[PDB]
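The next block holds one structure in the form of structure tokens; read it before the comments.
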Amino acid sequence: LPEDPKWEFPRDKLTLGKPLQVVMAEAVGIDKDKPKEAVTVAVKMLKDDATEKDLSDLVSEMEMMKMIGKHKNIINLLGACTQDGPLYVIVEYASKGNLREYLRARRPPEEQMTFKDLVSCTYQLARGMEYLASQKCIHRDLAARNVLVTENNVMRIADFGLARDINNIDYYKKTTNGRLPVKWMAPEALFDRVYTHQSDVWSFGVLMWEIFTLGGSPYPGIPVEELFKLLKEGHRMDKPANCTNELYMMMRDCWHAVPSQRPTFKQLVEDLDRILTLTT
Amino acid sequence: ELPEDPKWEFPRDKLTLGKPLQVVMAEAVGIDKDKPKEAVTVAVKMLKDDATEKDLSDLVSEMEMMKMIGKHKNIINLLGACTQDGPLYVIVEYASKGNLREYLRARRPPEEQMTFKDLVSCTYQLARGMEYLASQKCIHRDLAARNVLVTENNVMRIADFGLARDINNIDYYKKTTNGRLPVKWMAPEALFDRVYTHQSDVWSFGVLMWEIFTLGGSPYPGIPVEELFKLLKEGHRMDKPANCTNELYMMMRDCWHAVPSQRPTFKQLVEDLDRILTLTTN
């Protein structure tokens, strides 16, 4: 594993802790400006039963985050221990946990979510994704479960284990996109073995459905084994209760069969920005 | 999209899913073509909701491998599957005592403790399991305490065939071969030479033996997987578990021979364990 001085973090300054494989940790002076303050961070490392691929994957996740820049709505890389010991990928710590859990949490009978919240939450994530898209990076594993919420209830897109640079995809090869959770996956990602930003917006749409169902399970009652045939036949989830016709129409747009016909994140950002201001 | 195998197919309406042990317990009514009215307790493996394309092709492959492997005392066996019109359901034998790894840790000196003989019988059984598996040109590839189930009568059954391949279904020399095998149980040739044979399974068997005599210990404690192979090529090998005879430890060390052929064969393991176990009873 190459030496990357820029991101390396002294192992003796890192103190692992309770698990969140990811565990909470205390990183001392991880902040270049506060050399003596210990910051509570999250550390991702391999498991005892790890496989070669797991490692190759962990290494890739890290490198990926190194390439992606900073943004308020994406969890950022704080450093990594990579020489003489296990591989540790130190990332910002999101106190509130992941979005799917957070939402099911405040589901009306713990402080219930309002409409404006959902929209905001949605808007945030759209900007986070627009940024990613601009960095020429495809997430490929977008979903509520993979979104973390900071203490300030901010949306941070997480889990870059499957994210790739737009050009680093094996176009048309049988093994492409075979580790993507079917229910959040764009049809083309399978029916054509390709992945583009428009594939992420499809996923984004499924995310929206989750957000407005407060943690609902996509395509309820339909086994993944018989999903794609339905998808192909035109099946699409229903408007979630507690959701604007307008927003559902946005969900439906992210699910346009033809990729170029689905909106882009830049568009999604504007529309969401608009709806959000009005709600206010 | 899935061919039909009438002999293995099971009436989806005869099965009654239940609590989770993705695998869950269930009631297969009349699954035994010799008591068509009796509701048998079984285990059903199926895709999770966040499943991927690979998870499905993998589950299907596992089921096929279980169809090829015959019936044996020390192997979890396939009881049928629901593969038409609905989620894929693989119906397998239900082991009440769960998997070996926890089962062992569970009866660790302050359930009922394990006698030295019980550990040996356990090891002996699994060898017979592997010996058979090998006799069927089948390589398991993911041998480990966690992958062994234990029945009501404490019979050891090798399970989890999701990575088992036919002896000839391996791409010797391709960078990607064996990249999904848990490293702390995997034989060095698996990675270094990108091949896999039965002698690769005996290596695995060895780590299994170590887990057994440490009552569910964790292989190469305190050693990162990322550093393991270096230490292995360097000669490192686990230490004699406490409360383990030097004979059995020398047996483990043999399985971990750098040279595949210098490792015992499963048949040899079975005969030595049979000797040890028998002399123990006396």
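Ordering of the structure tokens sets the chain letters (A, B, ...); residue numbers start at 1 within each chain; ligands are numbered from 1 in the order shown.
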
Kindly provide, as an MDAnalysis selection string, the residues of chain B having any atom no farther than 10 Å from an atom of chain A, counting only C-alpha atoms.
chainID B and resid 1 47:57 85:88 176 178:186 191 218:227

Could you pull the residues within 10 Å of segment 237-251 of chain B, counting only C-alpha atoms, minus those fewer than 5 positions along the same chain, as an MDAnalysis selection string?
chainID B and resid 116 119:120 206:207 209:215 217 219:221 228 231:232 256:257 263:264 269 272:273 276

Please, could you write that set of residues out with N, CA and C atoms as a compact mmCIF listing (two decimals), in the first residue's frame?
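Saved the output as result-v6.txt:
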```txt
# COMPACT_ATOMS: atom_id res chain seq x y z
N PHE B 116 -12.93 -33.87 26.23
CA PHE B 116 -11.86 -33.96 25.23
C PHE B 116 -12.35 -34.84 24.08
N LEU B 119 -14.66 -33.11 21.60
CA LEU B 119 -13.97 -32.25 20.66
C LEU B 119 -13.39 -33.13 19.56
N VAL B 120 -12.83 -34.27 19.95
CA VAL B 120 -12.24 -35.18 18.97
C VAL B 120 -13.30 -35.79 18.08
N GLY B 206 -7.59 -27.36 8.96
CA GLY B 206 -6.66 -27.14 10.06
C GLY B 206 -7.03 -25.98 10.96
N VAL B 207 -7.43 -24.87 10.36
CA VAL B 207 -7.83 -23.70 11.13
C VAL B 207 -9.10 -24.07 11.88
N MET B 209 -9.85 -27.05 12.99
CA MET B 209 -9.42 -27.86 14.12
C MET B 209 -9.01 -26.97 15.28
N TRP B 210 -8.29 -25.91 14.96
CA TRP B 210 -7.84 -24.94 15.96
C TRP B 210 -9.03 -24.26 16.64
N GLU B 211 -10.05 -23.91 15.86
CA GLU B 211 -11.24 -23.27 16.39
C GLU B 211 -11.92 -24.22 17.36
N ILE B 212 -11.96 -25.49 16.99
CA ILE B 212 -12.60 -26.50 17.82
C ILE B 212 -11.92 -26.68 19.17
N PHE B 213 -10.60 -26.82 19.16
CA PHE B 213 -9.88 -27.02 20.41
C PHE B 213 -9.70 -25.78 21.26
N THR B 214 -10.09 -24.63 20.73
CA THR B 214 -10.03 -23.40 21.49
C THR B 214 -11.48 -23.05 21.82
N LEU B 215 -12.37 -24.00 21.55
CA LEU B 215 -13.80 -23.84 21.83
C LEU B 215 -14.42 -22.61 21.17
N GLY B 217 -12.40 -20.26 19.37
CA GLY B 217 -11.48 -19.14 19.37
C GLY B 217 -11.48 -18.45 18.01
N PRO B 219 -9.15 -17.28 14.90
CA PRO B 219 -7.87 -17.54 14.25
C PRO B 219 -6.91 -16.36 14.27
N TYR B 220 -5.61 -16.67 14.37
CA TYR B 220 -4.56 -15.66 14.38
C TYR B 220 -4.99 -14.42 15.15
N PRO B 221 -5.21 -14.56 16.47
CA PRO B 221 -5.62 -13.43 17.30
C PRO B 221 -4.66 -12.25 17.24
N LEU B 228 -1.31 -10.97 7.66
CA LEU B 228 -1.24 -12.42 7.79
C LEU B 228 -0.36 -13.18 6.80
N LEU B 231 3.30 -12.97 7.20
CA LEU B 231 3.71 -13.79 8.33
C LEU B 231 3.65 -15.28 8.01
N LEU B 232 2.69 -15.68 7.18
CA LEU B 232 2.56 -17.09 6.81
C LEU B 232 3.72 -17.53 5.93
N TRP B 256 -1.22 -27.19 7.80
CA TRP B 256 -0.69 -25.89 7.40
C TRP B 256 0.69 -25.98 6.78
N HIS B 257 0.92 -27.03 6.01
CA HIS B 257 2.18 -27.20 5.33
C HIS B 257 2.17 -26.25 4.15
N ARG B 263 0.48 -31.93 2.99
CA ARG B 263 -0.58 -31.82 3.98
C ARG B 263 -1.29 -33.18 3.93
N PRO B 264 -1.85 -33.64 5.07
CA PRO B 264 -2.51 -34.94 4.93
C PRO B 264 -3.70 -34.85 3.98
N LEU B 269 -6.54 -37.94 7.59
CA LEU B 269 -7.04 -37.25 8.78
C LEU B 269 -8.06 -38.13 9.50
N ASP B 272 -6.47 -41.09 11.38
CA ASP B 272 -5.73 -40.71 12.58
C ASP B 272 -6.70 -40.32 13.68
N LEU B 273 -7.71 -39.53 13.32
CA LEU B 273 -8.72 -39.09 14.28
C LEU B 273 -9.51 -40.29 14.81
N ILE B 276 -7.23 -41.79 17.36
CA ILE B 276 -7.16 -40.97 18.56
C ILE B 276 -8.43 -41.09 19.38
```

Could you tell me, as a PyMOL selection string, which residues of segment 56-243 of chain A DSSP assigns to alpha helix (DSSP H) when given the backbone?
chain A and resi 56-67+99-105+115-134+188-191+197-211+227-232

Excluding residue 199 of chain B and its own-chain neighbours fewer than 2 positions away, which residues fall within 7 Å of it when counting only C-alpha atoms? Please give them as a list in words.
residues 197, 201, 202, 203, 260, 261, 263 and 265 of chain B

Could you give me, as number ranges by chain, the residues within 8 Å of residue 25 of chain B, counting only C-alpha atoms and dropping anything in the same chain fewer than 3 positions from it?
B: 17-21, 41-44, 94

Name all residues at most 7 Å from segment 3-14 of chain B (count only C-alpha atoms; drop same-chain ones fewer than 2 positions away) and give them as a PyMOL selection string.
chain B and resi 1+16+28-29+80-83

Excluding residue 152 of chain B and residues on its chain fewer than 3 positions from it, collect all residues at most 9 Å away from it, counting only C-alpha atoms, and give them as number ranges by chain.
B: 95-97, 155

I want to know what sits within 10 Å of segment 235-241 of chain A, based on only C-alpha atoms, with residues of the same chain fewer than 3 positions away left out; could you give that as a ChimeraX atom specification?
/A:206,208-214,216,218-220,227-232,244-245,247-249,251-252,255-256

Hey, which bits of segment 126-235 of chain A sit within 12 Å of segment 14-24 of chain A, and for each residue what's the closest pair of atoms and how far apart in Å (one decimal), counting only C-alpha atoms, rows by chain and increasing number, as a tab-separated table?
```
residue	atom	partner	partner_atom	distance
A:148	CA	A:20	CA	11.8
A:159	CA	A:22	CA	11.0
A:161	CA	A:21	CA	11.9
```

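Counting from atom CA of residue 127 of chain B, the distance to atom CA of residue 107 of chain B is 22.1 Å.
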
Point-to-point distance in Å for atom CA of residue 105 of chain B and atom CA of residue 208 of chain B
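Between atom CA of residue 208 of chain B and atom CA of residue 105 of chain B the gap works out to 13.9 Å.
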
As an mmCIF file with C-alpha atoms, in the first residue's frame, please: all residues of segment 100-148 of chain A that backbone DSSP puts in strand (DSSP E).
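Saved file selection_29.cif follows:
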```cif
data_model
loop_
_atom_site.group_PDB
_atom_site.id
_atom_site.type_symbol
_atom_site.label_atom_id
_atom_site.label_comp_id
_atom_site.auth_asym_id
_atom_site.auth_seq_id
_atom_site.Cartn_x
_atom_site.Cartn_y
_atom_site.Cartn_z
ATOM 1 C CA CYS A 137 -18.289 10.242 -9.699
ATOM 2 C CA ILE A 138 -21.139 7.725 -9.677
ATOM 3 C CA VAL A 147 -27.226 8.429 4.258
ATOM 4 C CA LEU A 148 -25.936 9.596 7.606
#
```

Considering only C-alpha atoms, can you say which of A:103, A:162, A:269, A:91 comes closest to residue 128 of chain A?
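So, comparing all the options, the nearest one is A:269.
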
Which one of A:27, A:75, A:133, A:38 sits closest to residue 88 of chain A if you count only C-alpha atoms?
A:27
